[PDB]
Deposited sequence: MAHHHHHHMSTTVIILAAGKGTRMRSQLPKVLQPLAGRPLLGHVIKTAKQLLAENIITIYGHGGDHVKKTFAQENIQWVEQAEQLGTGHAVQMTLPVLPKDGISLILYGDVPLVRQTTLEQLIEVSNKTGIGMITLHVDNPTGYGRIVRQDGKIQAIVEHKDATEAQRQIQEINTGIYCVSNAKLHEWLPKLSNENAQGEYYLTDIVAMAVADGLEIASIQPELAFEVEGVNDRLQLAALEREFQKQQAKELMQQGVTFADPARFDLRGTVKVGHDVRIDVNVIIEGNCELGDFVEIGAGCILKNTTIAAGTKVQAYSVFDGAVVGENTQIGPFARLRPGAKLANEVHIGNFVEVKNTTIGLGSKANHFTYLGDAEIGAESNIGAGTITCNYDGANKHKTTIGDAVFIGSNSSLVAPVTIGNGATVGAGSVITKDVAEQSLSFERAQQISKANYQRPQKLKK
């Protein structure tokens, strides 16, 4: 049974933030959230978090998590509170990989104590590392400062043996395994916004590299952001300044245009998304054409072959096979069938000021331009709606439903 200890008490005053250090964002998630995620991935029997200043916010943020919280009112003094195997992690060192921490556990269980070390080209200011001791640069004599192997602070000690060493802090070899991380930023902490941004860029760069190793094409991998997870097929092409948030999926041959933003969205094979389209909680079928300037909101579901054009907003609406809304329109709380056409300026009036109501549009329907569909209304298959109509009664299958222009000659416009 492996338990993880997380130090998350730092105020991080260099952040100049009102929130505790470990709630600062990195790729769309608080620092501490990254570490809790890895600790849950390790199948940790227990997770104990040391909070400090502002711990109310932290406990509030992770309330639905089975964590044993501990107040801290030094790093050695901080761990001492946990006495009332184990990993020692830092809330502000967020990117340590589960494969590294397991690698540390296997070598520590055979010895009873392990740690992560790292070789740095420039070790100025860091603590210097059979391992014999660690001398911090502040108190380290000039001779030891030439060491380029530095300390990371990440330890793994047996639960039994920790209790013997922990109170006597006024040591381990007297009664030490080590590994180095696969990537240096795994063990990198942050103290201010400069360091937060530099780690963000290291993380994004590595994420783009891993996607390219999977076969993704990037117009510019330095202008890409993943804040979560994405599942990708083959021949996926991603243009500049795309952002991907939450958990997304991109099918085979999916092409994502410049500046598109996807959150909690799946896009099936063959779809081409033109530039500046944003998705949140959308499900997009195969061989669709979207954008530019399309906005899909939660509940937007597009069947295969659907076309969505510019300045289009789809919210909580399913659009059946091959239907098109090429021009500016608002489709909300709507069910639209197959092979239907939504004219420019069409609006679902889905909100009466208090409640939402459903619009139902059949197959092979033509909704003429500048139409207002007052929900709840059903428009049967094959029907046609005249341009500029306000529609309140259900339109029969195959029916044309439409809602007197006056002319004055030789009219002079105001001067």
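Comparing the deposited sequence with the modelled residues, the stretches lacking C-alpha coordinates are 1 to 9, 83 to 85, 97 to 102, 148 to 152, 194 to 208, 214 to 216, 445 to 446, 459 to 462.
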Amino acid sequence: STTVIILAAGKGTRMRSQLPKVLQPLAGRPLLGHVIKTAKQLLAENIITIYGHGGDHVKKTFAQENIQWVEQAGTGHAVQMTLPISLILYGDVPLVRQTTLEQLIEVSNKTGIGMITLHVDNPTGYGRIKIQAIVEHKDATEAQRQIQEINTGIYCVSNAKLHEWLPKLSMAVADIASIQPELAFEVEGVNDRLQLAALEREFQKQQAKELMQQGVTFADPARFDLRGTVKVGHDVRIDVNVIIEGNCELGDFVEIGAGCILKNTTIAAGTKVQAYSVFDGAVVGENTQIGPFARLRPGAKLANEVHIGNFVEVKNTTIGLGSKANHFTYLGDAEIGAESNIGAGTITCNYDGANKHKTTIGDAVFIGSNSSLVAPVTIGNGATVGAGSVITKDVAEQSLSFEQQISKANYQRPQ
From here on, numbers count along this sequence of modelled residues.
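Of the two segments, 280 to 288 and 157 to 165, the one listed with the higher mean B-factor is 157 to 165 (C-alpha atoms only). Higher average CA B factor: 143 to 151, of the stretches 143 to 151 and 303 to 311. Remark: of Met81, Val93, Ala208, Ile238, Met81 shows the highest value [criterion: C-alpha B-factor in the PDB entry].
Taking the PDB entry at face value, the top CA B factor among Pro376, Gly52, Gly368, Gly382 belongs to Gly52. In the deposited entry, the Cα temperature factor of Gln132 places it in the highest third of its chain's modelled residues.
Among the modelled residues of its chain, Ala44 has a C-alpha B-factor that falls in the highest third, as given in the PDB entry. Among the modelled residues of the chain, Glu71 sits in the highest third by CA temperature factor in this PDB entry.
The PDB entry assigns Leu26 a C-alpha temperature factor belonging to the lowest third of its chain's modelled residues. When the CA B factors of the chain's modelled residues are split into thirds, the value for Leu321 lands in the middle one.
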